[PDB]
Every structure is written in structure tokens, then in C-alpha cells.
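> Supplied structure: input_21.txt, compact mmCIF, C-alpha atoms.
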```
# COMPACT_ATOMS: atom_id res chain seq x y z
CA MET A 850 88.73 84.96 115.81
CA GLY A 851 89.06 81.90 113.57
CA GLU A 852 86.81 79.58 115.57
CA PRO A 853 84.82 76.94 113.63
CA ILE A 854 81.13 77.68 113.13
CA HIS A 855 78.75 75.28 111.43
CA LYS A 856 76.38 77.16 109.14
CA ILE A 857 73.92 76.24 106.42
CA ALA A 858 75.59 76.25 103.01
CA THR A 859 73.88 79.42 101.80
CA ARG A 860 75.49 81.43 99.01
CA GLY A 861 76.61 83.98 101.58
CA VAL A 862 78.14 81.24 103.72
CA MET A 863 79.98 79.81 100.71
CA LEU A 864 81.30 83.29 99.99
CA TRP A 865 82.36 83.47 103.64
CA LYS A 866 84.23 80.18 103.27
CA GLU A 867 85.83 81.25 99.98
CA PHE A 868 87.06 84.49 101.55
CA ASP A 869 88.29 82.50 104.55
CA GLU A 870 90.28 80.23 102.23
CA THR A 871 91.54 82.91 99.79
CA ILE A 872 91.57 86.36 101.49
CA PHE A 873 91.35 86.26 105.28
CA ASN A 874 94.04 83.63 105.83
CA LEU A 875 96.62 85.71 103.96
CA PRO A 876 99.09 87.80 105.99
CA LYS A 877 98.44 91.43 106.83
CA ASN A 878 101.06 92.71 104.38
CA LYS A 879 99.38 90.64 101.65
CA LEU A 880 95.72 91.47 102.43
CA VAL A 881 95.66 95.02 101.00
CA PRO A 882 97.16 94.15 97.57
CA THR A 883 94.85 91.15 97.12
CA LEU A 884 91.79 93.20 98.09
CA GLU A 885 92.85 95.83 95.56
CA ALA A 886 93.38 93.17 92.89
CA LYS A 887 90.10 91.31 93.50
CA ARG A 888 88.06 94.43 94.29
CA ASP A 889 85.73 93.86 91.33
CA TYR A 890 85.24 90.16 92.09
CA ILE A 891 84.70 90.79 95.80
CA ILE A 892 82.17 93.54 95.07
CA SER A 893 80.32 91.34 92.58
CA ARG A 894 80.13 88.47 95.07
CA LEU A 895 79.03 90.74 97.93
CA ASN A 896 76.27 92.28 95.81
CA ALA A 897 75.08 88.95 94.39
CA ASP A 898 75.42 86.47 97.24
CA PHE A 899 76.01 88.17 100.62
CA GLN A 900 73.72 89.75 103.20
CA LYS A 901 76.08 92.76 103.43
CA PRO A 902 76.20 94.05 99.84
CA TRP A 903 78.83 96.45 98.61
CA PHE A 904 77.54 99.84 99.69
CA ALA A 905 78.69 101.87 96.68
CA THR A 906 76.27 100.18 94.29
CA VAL A 907 73.84 102.50 92.50
CA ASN A 908 71.06 100.80 90.52
CA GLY A 909 73.17 97.65 90.33
CA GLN A 910 76.33 99.31 88.99
CA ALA A 911 79.32 98.66 91.22
CA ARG A 912 80.75 102.03 92.21
CA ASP A 913 82.80 103.64 94.97
CA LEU A 914 82.06 105.85 97.94
CA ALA A 915 84.16 108.52 96.21
CA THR A 916 82.38 107.91 92.88
CA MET A 917 78.80 108.21 94.19
CA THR A 918 76.91 111.43 94.91
CA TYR A 919 75.33 112.57 98.17
CA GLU A 920 71.82 111.80 96.92
CA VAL B 1018 91.52 126.62 67.17
CA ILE B 1019 93.48 126.90 70.43
CA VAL B 1020 91.67 126.67 73.77
CA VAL B 1021 93.02 127.22 77.27
CA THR B 1022 91.88 123.90 78.68
CA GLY B 1023 93.30 124.36 82.18
CA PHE B 1024 95.22 126.83 84.29
CA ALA B 1025 96.70 127.41 87.72
CA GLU B 1026 99.23 129.48 89.61
CA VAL B 1027 101.31 129.74 92.75
CA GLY B 1028 101.39 133.35 93.86
CA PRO B 1029 101.28 135.75 96.81
CA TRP B 1030 97.59 134.88 97.27
CA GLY B 1031 98.05 131.15 96.87
CA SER B 1032 96.30 129.40 94.02
CA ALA B 1033 94.37 130.91 91.14
CA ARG B 1034 91.11 130.45 93.06
CA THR B 1035 92.24 132.33 96.17
CA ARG B 1036 94.00 134.99 94.11
CA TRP B 1037 90.82 135.51 92.07
CA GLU B 1038 88.66 135.78 95.17
CA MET B 1039 91.01 138.37 96.67
CA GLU B 1040 91.12 140.21 93.33
CA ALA B 1041 87.39 140.39 92.64
CA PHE B 1042 85.66 140.32 96.02
CA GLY B 1043 88.51 141.72 98.12
CA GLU B 1044 88.03 139.03 100.76
CA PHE B 1045 88.01 135.25 101.07
CA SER B 1046 84.83 133.22 101.22
CA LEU B 1047 84.75 130.16 103.48
CA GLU B 1048 86.18 128.01 100.69
CA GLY B 1049 88.89 130.53 99.84
CA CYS B 1050 89.87 130.99 103.47
CA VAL B 1051 90.05 127.24 104.12
CA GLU B 1052 92.12 126.79 100.96
CA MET B 1053 94.47 129.56 102.11
CA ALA B 1054 94.80 128.05 105.59
CA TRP B 1055 95.60 124.66 104.07
CA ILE B 1056 98.09 126.29 101.67
CA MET B 1057 99.79 128.16 104.50
CA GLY B 1058 99.81 125.11 106.75
CA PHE B 1059 97.62 126.71 109.41
CA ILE B 1060 95.11 123.84 109.24
CA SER B 1061 95.98 120.24 108.48
CA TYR B 1062 93.60 117.36 107.93
CA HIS B 1063 93.10 114.72 110.60
CA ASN B 1064 91.08 111.52 110.37
CA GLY B 1065 90.96 108.97 113.18
CA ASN B 1066 91.16 108.90 116.95
CA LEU B 1067 91.99 112.29 118.45
CA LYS B 1068 91.95 112.84 122.22
CA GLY B 1069 90.06 109.55 122.48
CA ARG B 1070 86.98 110.45 120.47
CA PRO B 1071 87.14 109.89 116.69
CA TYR B 1072 87.63 113.14 114.76
CA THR B 1073 87.45 113.77 111.01
CA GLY B 1074 88.21 117.24 109.70
CA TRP B 1075 90.61 120.16 109.94
CA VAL B 1076 92.86 120.58 112.97
CA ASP B 1077 95.47 123.16 113.89
CA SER B 1078 98.77 122.08 112.36
CA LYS B 1079 100.77 123.04 115.47
CA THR B 1080 98.41 122.27 118.36
CA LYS B 1081 96.52 119.46 116.54
CA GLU B 1082 93.30 120.65 118.18
CA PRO B 1083 90.09 120.31 116.12
CA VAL B 1084 89.14 123.45 114.21
CA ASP B 1085 85.76 123.82 112.53
CA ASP B 1086 85.26 125.38 109.12
CA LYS B 1087 83.20 128.20 110.64
CA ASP B 1088 86.11 128.99 112.99
CA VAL B 1089 88.82 128.73 110.30
CA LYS B 1090 88.15 132.32 109.27
CA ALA B 1091 87.90 133.70 112.81
CA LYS B 1092 91.10 131.86 113.76
CA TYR B 1093 93.34 132.45 110.72
CA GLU B 1094 92.02 135.40 108.67
CA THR B 1095 94.37 137.91 110.29
CA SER B 1096 97.40 135.64 109.87
CA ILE B 1097 96.52 134.84 106.25
CA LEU B 1098 96.12 138.51 105.39
CA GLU B 1099 99.26 139.50 107.30
CA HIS B 1100 101.37 136.84 105.55
CA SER B 1101 99.83 136.90 102.06
CA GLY B 1102 100.13 139.25 99.12
CA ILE B 1103 102.51 142.19 98.99
CA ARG B 1104 104.15 142.52 102.40
CA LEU B 1105 107.45 143.12 104.18
CA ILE B 1106 110.11 140.71 102.97
CA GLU B 1107 110.32 137.71 105.28
CA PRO B 1108 113.93 136.43 105.61
CA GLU B 1109 112.65 132.96 106.48
CA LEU B 1110 111.24 132.61 102.96
CA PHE B 1111 114.49 133.79 101.30
CA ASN B 1112 117.12 132.10 103.48
CA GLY B 1113 117.59 134.79 106.10
CA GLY C 1647 114.66 143.78 76.13
CA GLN C 1648 111.79 145.26 74.11
CA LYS C 1649 109.71 142.12 74.68
CA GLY C 1650 106.24 143.34 73.78
CA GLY C 1651 103.49 140.76 73.65
CA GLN C 1652 99.72 140.61 73.20
CA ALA C 1653 97.31 137.72 73.56
CA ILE C 1654 93.55 137.72 73.05
CA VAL C 1655 91.32 135.28 74.93
CA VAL C 1656 87.77 134.95 73.63
CA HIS C 1657 84.92 133.57 75.68
CA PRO C 1658 84.74 129.74 75.47
CA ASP C 1659 81.08 129.85 74.41
CA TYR C 1660 81.93 131.27 70.99
CA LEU C 1661 83.65 127.95 70.29
CA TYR C 1662 80.57 125.82 70.93
CA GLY C 1663 78.66 127.59 68.16
CA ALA C 1664 81.04 125.91 65.70
CA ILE C 1665 79.79 122.36 66.42
CA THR C 1666 76.55 120.38 66.22
CA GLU C 1667 73.92 119.75 68.88
CA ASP C 1668 74.95 116.12 69.37
CA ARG C 1669 78.67 116.88 69.55
CA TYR C 1670 78.08 119.64 72.10
CA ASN C 1671 75.83 117.33 74.15
CA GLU C 1672 78.32 114.46 74.26
CA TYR C 1673 81.11 116.93 75.02
CA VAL C 1674 79.07 118.43 77.89
CA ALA C 1675 78.37 114.98 79.32
CA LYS C 1676 82.06 114.14 79.19
CA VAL C 1677 83.02 117.41 80.93
CA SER C 1678 80.42 116.72 83.61
CA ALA C 1679 81.92 113.30 84.30
CA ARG C 1680 85.44 114.74 84.20
CA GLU C 1681 84.43 117.56 86.55
CA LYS C 1682 83.09 115.06 89.07
CA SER C 1683 86.25 112.94 88.83
CA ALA C 1684 88.47 116.01 89.13
CA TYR C 1685 86.57 117.27 92.18
CA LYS C 1686 87.08 113.85 93.76
CA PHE C 1687 90.80 113.85 92.96
CA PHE C 1688 91.36 117.46 94.01
CA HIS C 1689 89.70 117.13 97.39
CA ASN C 1690 91.31 113.77 98.19
CA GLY C 1691 94.73 115.14 97.26
CA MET C 1692 94.08 118.30 99.24
CA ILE C 1693 93.33 116.50 102.50
CA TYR C 1694 96.02 113.83 102.07
CA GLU D 992 75.19 115.45 90.90
CA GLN D 993 78.30 115.82 93.03
CA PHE D 994 80.55 112.99 94.19
CA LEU D 995 81.24 112.70 97.91
CA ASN D 996 83.90 115.03 99.24
CA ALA D 997 86.84 113.04 100.61
CA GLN D 998 86.21 114.58 104.03
CA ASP D 999 82.67 113.22 103.92
CA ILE D 1000 83.95 109.81 102.84
CA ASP D 1001 86.24 109.76 105.87
CA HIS D 1002 83.36 110.90 108.08
CA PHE D 1003 81.06 108.23 106.61
CA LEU D 1004 83.63 105.53 107.31
CA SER D 1005 84.27 106.77 110.85
CA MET D 1006 80.56 106.78 111.65
CA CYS D 1007 80.30 103.33 110.08
CA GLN D 1008 82.98 102.33 112.61
CA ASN D 1009 81.09 104.08 115.44
CA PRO D 1010 80.79 101.58 118.35
CA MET D 1011 77.52 102.86 119.85
CA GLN D 1012 75.67 101.80 116.72
CA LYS D 1013 74.34 98.65 115.13
CA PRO D 1014 76.92 97.41 112.58
CA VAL D 1015 75.97 98.65 109.13
CA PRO D 1016 74.34 96.16 106.68
CA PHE D 1017 77.00 96.59 103.99
CA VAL D 1018 80.73 96.80 103.31
CA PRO D 1019 81.62 100.50 102.85
CA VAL D 1020 85.24 99.96 101.73
CA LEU D 1021 87.70 97.14 101.03
CA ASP D 1022 90.62 97.65 103.41
CA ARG D 1023 92.34 96.00 106.38
CA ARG D 1024 89.02 96.08 108.28
CA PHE D 1025 87.18 94.27 105.47
CA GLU D 1026 87.10 91.06 107.50
CA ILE D 1027 85.54 92.93 110.43
CA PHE D 1028 82.93 94.52 108.17
CA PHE D 1029 82.20 91.22 106.42
CA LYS D 1030 81.88 89.00 109.50
CA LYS D 1031 80.51 91.31 112.20
CA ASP D 1032 76.81 91.08 113.09
CA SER D 1033 76.04 88.14 110.80
CA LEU D 1034 73.40 86.30 112.88
CA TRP D 1035 70.30 88.53 112.97
CA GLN D 1036 69.72 88.38 109.20
CA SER D 1037 68.53 84.78 109.58
CA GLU D 1038 65.51 85.90 111.63
CA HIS D 1039 65.14 89.30 109.90
CA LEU D 1040 65.10 88.45 106.20
CA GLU D 1041 62.89 91.52 105.63
CA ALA D 1042 66.10 93.59 105.99
CA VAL D 1043 67.93 91.77 103.17
CA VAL D 1044 68.53 92.84 99.57
CA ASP D 1045 65.99 90.41 98.08
CA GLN D 1046 64.78 88.81 101.34
CA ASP D 1047 66.84 85.84 100.16
CA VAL D 1048 67.96 83.22 102.66
CA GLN D 1049 70.87 82.42 100.33
CA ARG D 1050 72.49 85.70 101.40
CA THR D 1051 72.19 85.11 105.15
CA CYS D 1052 74.12 83.05 107.70
CA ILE D 1053 72.18 80.40 109.65
CA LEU D 1054 74.10 78.43 112.26
CA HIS D 1055 73.06 74.78 112.20
CA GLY D 1056 74.29 71.30 113.06
CA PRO D 1057 75.12 68.85 110.25
CA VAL D 1058 74.15 65.76 112.26
CA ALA D 1059 71.12 67.32 113.93
CA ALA D 1060 69.89 68.41 110.49
CA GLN D 1061 68.87 64.80 109.79
```
Starting from the file, lay out its structure as C-alpha cells.


Amino acid sequence: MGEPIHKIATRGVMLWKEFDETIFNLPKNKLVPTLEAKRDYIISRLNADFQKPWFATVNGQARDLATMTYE
Amino acid sequence: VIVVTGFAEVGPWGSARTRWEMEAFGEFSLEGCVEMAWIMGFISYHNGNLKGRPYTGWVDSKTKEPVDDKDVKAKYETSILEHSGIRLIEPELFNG
Amino acid sequence: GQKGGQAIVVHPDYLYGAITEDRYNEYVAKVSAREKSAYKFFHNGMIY
Amino acid sequence: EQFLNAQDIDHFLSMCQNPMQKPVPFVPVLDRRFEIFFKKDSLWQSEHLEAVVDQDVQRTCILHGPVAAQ
């Protein structure tokens, strides 16, 4: 909801702040294109520095839910 | 050397897959029947809230009610067969 | 209009005997990847 | 050796968005709901590092006071 929260400056929290300052603030019409553009960067940061990694990551290789198998 | 790398068709039994199933086996498998229902517009795909609960899968194109793959055959086999292949000329497909 | 025509289609596997082991293997790997991608595209496009 | 069917991708996303369920510990897609996926349920990882990729505190979110940290 955009309320301030003090948090320890963990790598995940710094990613949270960066996304707050570069992705989340943007308007709704502008959020989808920027997510598409920075998909690779966002996935890399989620996998490296955030508690919720990108799901479609198989043995470290960033992938997609449509590009990964059932196993 | 020339190789047929790909192929397809639009015919009285839908695509090449459905036509081949009807040609060889004389009937549609589950996959062939679902492809024919999708081709004929009997079943459409729905994903999201439907009657409150979230539904993902095939629905009836007209009634929008959920239809399971197992029931696709029991619900649309007769219509697919009646309105596929060699049949009485339908004026609605040739402008009255 | 007297349009006679004849084509002959041979089994695809007679082609693969004209190439090496390595070339066939790399070709097979590339068709496997392409088959997966094409399945993805076909089903997505079917539903949507 | 068979990529997910698009129907199963849609099902997977819907059941990720299921409300009677603990929010999933990952981002399944990047879309309009990416903020919801990214921010929701971000407090328990501080006390449950055993459920983290490398059990690394650097990945988790710990609320804390800058002045009280002295």
C-alpha cells in the first residue's frame, strides 16, 4: 500500500527499494513494458538477492514457466 | 535433396491431425476430438474467475459453462461428426 | 486439362544415412529443442 | 522432456493465486501482479531462514528500527 517500513539493508531489501524506485512507482500502463524490457535483470536480481527467487530457474539457468518441463 | 519439412491443411475434417485420425482410425481420440471441438468453436478456452470460483480450461462457447476433457467427446462427438466431412450442403457456410 | 502429375515421397530416415554420426546427433538435438518450442507455441496459440 | 502446456501454465498461475494457501516462495511470472508476488508474505523468512535458497539473511526482509539499532 506504499506505507514506509524500516528494514535491515539486506540485499533483498535493497532490491525491494530499487524496484520501488524504478518499477513499482511507474504507472499501470507503463509497468508491463518495463517488466518485459527488464525481465532478464529482474530475474537475475530475484535469483541472486531475493528470498522469492524466479521460479522458472532450472539448475541456475533463468528460464520460463512455458520453457520448463513438468519434471 | 528436397525434404517436406512441414505440412498442414484445412479440410472437411479440420487440420491434418484430425483428418489423419479420422482416415486411419475412423474415430477421434481425446486429442483429436478436443482439437475438432476447438476448431468448430464448440469449446473455447477460459482462464480466470468463472461463477465466482477460479476456472482454467475448456468451456462451452455458447453457455460458457465449464466442460472437462473427458466430457468433450460425450458432449460434442455427435455434432462434430454431423457437421464434419462429406455432408449435406449448409447454406450458412456458402452465404445462404 | 490433361494435367497429370506424380510425386514420390521417400521415408525421411533414408536421408539420415547420408550424414555422419555427429551431424545427425546435433540435428536431432536441434529438432528436439524446436519440437519443444513448437509445442509451446502451438498450445499457447490454440488456447488464446 | 516436455515443456508445460499453456493450460497447465494458466492452472499453475491460478493455483499460485489461490487465496486459501500460503503465498508461494517465488515469483512465477512478471506481470501486473508482480508487485503483489514480490511483496506479499515477506516477514516469515526472517525467522525461517531454513526455507531460503541458501539460508542467507541477505535475501530476507527483517523489520528493524534505525535508532533502536544502536

> Counting only C-alpha atoms, which residues of chain C fall within 9 Å of chain B, and what is the closest atom pair for each with its distance in Å at one decimal, ordered by chain and rising number, as a Markdown table?


```
| residue | atom | partner | partner_atom | distance |
| --- | --- | --- | --- | --- |
| C:1655 | CA | B:1021 | CA | 8.6 |
| C:1658 | CA | B:1020 | CA | 7.8 |
| C:1661 | CA | B:1018 | CA | 8.6 |
| C:1692 | CA | B:1055 | CA | 8.1 |
| C:1693 | CA | B:1062 | CA | 5.5 |
| C:1694 | CA | B:1062 | CA | 7.3 |
```

> Could you dump the residues just selected with C-alpha atoms as a PDB file, in the coordinates of the input?


```
ATOM      1  CA  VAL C1655      91.320 135.280  74.930  1.00  0.00           C
ATOM      2  CA  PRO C1658      84.740 129.740  75.470  1.00  0.00           C
ATOM      3  CA  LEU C1661      83.650 127.950  70.290  1.00  0.00           C
ATOM      4  CA  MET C1692      94.080 118.300  99.240  1.00  0.00           C
ATOM      5  CA  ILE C1693      93.330 116.500 102.500  1.00  0.00           C
ATOM      6  CA  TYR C1694      96.020 113.830 102.070  1.00  0.00           C
TER       7      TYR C1694
END
```

> Starting from 6 Å padding per side, set up an axis-aligned box that covers all listed atoms of stretch 1651-1656 of chain C and hand over centre and edge lengths in Å, one decimal, as JSON.


```
{"center_x": 95.6, "center_y": 137.9, "center_z": 74.0, "size_x": 27.7, "size_y": 17.8, "size_z": 13.9}
```

> Residues of chain A were defined as contacting chain C if any atom lay at most 10 Å from it, counting all atoms listed in the file; please report them as JSON, numbers by chain.

{"A": [915, 916, 917, 918]}

> Output as CSV one row per residue of chain D within 8 Å of chain C: the closest atom pair and its distance in Å to one decimal place, counting only C-alpha atoms, sorted by chain and residue number ascending.


```
residue,atom,partner,partner_atom,distance
D:993,CA,C:1682,CA,6.3
D:994,CA,C:1682,CA,6.1
D:995,CA,C:1686,CA,7.3
D:996,CA,C:1689,CA,6.4
D:997,CA,C:1690,CA,5.1
D:998,CA,C:1693,CA,7.5
```

> Write the residues of the preceding selection, restricted to C-alpha atoms, as a PDB file, keeping the file's coordinate frame.


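File written: out12.pdb
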```
ATOM      1  CA  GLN D 993      78.300 115.820  93.030  1.00  0.00           C
ATOM      2  CA  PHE D 994      80.550 112.990  94.190  1.00  0.00           C
ATOM      3  CA  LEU D 995      81.240 112.700  97.910  1.00  0.00           C
ATOM      4  CA  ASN D 996      83.900 115.030  99.240  1.00  0.00           C
ATOM      5  CA  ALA D 997      86.840 113.040 100.610  1.00  0.00           C
ATOM      6  CA  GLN D 998      86.210 114.580 104.030  1.00  0.00           C
TER       7      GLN D 998
END
```

> What separation in Å, quoted to one decimal, exists between atom CA of residue D:1055 and atom CA of residue A:856?

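These atoms are spaced 5.1 Å apart.
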
> In Å, rounded to a single decimal, give me how far atom CA of residue B:1095 is from atom CA of residue B:1042.

16.9 Å

> Counting only C-alpha atoms, which residues from chain D have an atom at most 10 Å from any atom of chain A, and could you show them as a ChimeraX atom specification?

/D:992-997,999-1001,1003-1004,1015-1026,1028-1033,1036-1037,1040,1042-1057,1060

> For a test of reading the model, state the distance in Å between atom CA of residue D:1061 and atom CA of residue A:851, rounded to one decimal.

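Separation between atom CA of residue D:1061 and atom CA of residue A:851: 26.7 Å.
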
> Counting only C-alpha atoms, what is within 9 Å of residue B:1048, bar same-chain residues fewer than 5 positions away, as a list in words?

residues 1035, 1053 and 1086 of chain B

> If we count only C-alpha atoms, what is near residue B:1028 at a cut-off of 12 Å, once residues fewer than 2 positions away on the same chain are taken out, given as number ranges by chain?

B: 1025-1026, 1030-1037, 1039, 1053, 1056-1057, 1101-1103

> Starting from the incomplete input, reconstruct N, CA, C and O atoms of stretch 1649-1670 of chain C and report them as a compact mmCIF listing (two decimals), in the coordinates of the input.


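Heads up, here's the output in selection.txt:
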```
# COMPACT_ATOMS: atom_id res chain seq x y z
N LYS C 1649 110.55 143.30 74.85
CA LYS C 1649 109.71 142.12 74.68
C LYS C 1649 108.25 142.52 74.84
O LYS C 1649 107.65 142.37 75.90
N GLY C 1650 107.67 143.08 73.78
CA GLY C 1650 106.24 143.34 73.78
C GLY C 1650 105.49 142.08 73.39
O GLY C 1650 105.95 141.28 72.58
N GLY C 1651 104.31 141.91 73.97
CA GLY C 1651 103.49 140.76 73.65
C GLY C 1651 102.02 141.01 73.91
O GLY C 1651 101.67 141.69 74.87
N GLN C 1652 101.16 140.47 73.05
CA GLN C 1652 99.72 140.61 73.20
C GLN C 1652 99.04 139.30 72.88
O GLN C 1652 99.28 138.70 71.82
N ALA C 1653 98.17 138.86 73.78
CA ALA C 1653 97.31 137.72 73.56
C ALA C 1653 95.87 138.17 73.70
O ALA C 1653 95.57 139.14 74.40
N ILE C 1654 94.98 137.49 72.99
CA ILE C 1654 93.55 137.72 73.05
C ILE C 1654 92.90 136.41 73.45
O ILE C 1654 93.14 135.38 72.81
N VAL C 1655 92.09 136.45 74.50
CA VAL C 1655 91.32 135.28 74.93
C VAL C 1655 89.85 135.60 74.74
O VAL C 1655 89.33 136.54 75.33
N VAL C 1656 89.19 134.81 73.90
CA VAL C 1656 87.77 134.95 73.63
C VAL C 1656 87.02 134.03 74.58
O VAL C 1656 87.55 133.04 75.09
N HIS C 1657 85.76 134.38 74.83
CA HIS C 1657 84.92 133.57 75.68
C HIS C 1657 84.83 132.14 75.13
O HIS C 1657 84.78 131.96 73.91
N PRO C 1658 84.83 131.12 75.99
CA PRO C 1658 84.74 129.74 75.47
C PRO C 1658 83.45 129.45 74.73
O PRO C 1658 83.43 128.52 73.91
N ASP C 1659 82.38 130.21 74.97
CA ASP C 1659 81.08 129.85 74.41
C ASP C 1659 81.00 130.17 72.92
O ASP C 1659 80.14 129.63 72.22
N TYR C 1660 81.88 131.03 72.43
CA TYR C 1660 81.93 131.27 70.99
C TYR C 1660 82.46 130.06 70.24
O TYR C 1660 82.21 129.92 69.04
N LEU C 1661 83.19 129.18 70.93
CA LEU C 1661 83.65 127.95 70.29
C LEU C 1661 82.49 126.99 70.03
O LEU C 1661 82.43 126.36 68.98
N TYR C 1662 81.59 126.86 71.00
CA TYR C 1662 80.57 125.82 70.93
C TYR C 1662 79.55 126.09 69.83
O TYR C 1662 78.83 125.17 69.43
N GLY C 1663 79.48 127.31 69.32
CA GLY C 1663 78.66 127.59 68.16
C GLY C 1663 79.22 127.07 66.86
O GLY C 1663 78.57 127.21 65.81
N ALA C 1664 80.41 126.48 66.88
CA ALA C 1664 81.04 125.91 65.70
C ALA C 1664 80.81 124.41 65.55
O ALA C 1664 81.35 123.81 64.63
N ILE C 1665 80.02 123.81 66.44
CA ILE C 1665 79.79 122.36 66.42
C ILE C 1665 78.30 122.08 66.43
O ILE C 1665 77.48 122.99 66.52
N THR C 1666 77.94 120.80 66.31
CA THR C 1666 76.55 120.38 66.22
C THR C 1666 75.93 120.25 67.61
O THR C 1666 76.60 120.33 68.63
N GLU C 1667 74.61 120.03 67.63
CA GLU C 1667 73.92 119.75 68.88
C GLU C 1667 74.47 118.50 69.54
O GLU C 1667 74.83 118.51 70.72
N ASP C 1668 74.55 117.40 68.78
CA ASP C 1668 74.95 116.12 69.37
C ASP C 1668 76.38 116.18 69.89
O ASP C 1668 76.68 115.66 70.97
N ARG C 1669 77.28 116.80 69.12
CA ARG C 1669 78.67 116.88 69.55
C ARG C 1669 78.80 117.71 70.82
O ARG C 1669 79.54 117.35 71.73
N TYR C 1670 78.07 118.83 70.89
CA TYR C 1670 78.08 119.64 72.10
C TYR C 1670 77.51 118.86 73.28
O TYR C 1670 78.02 118.97 74.40
```
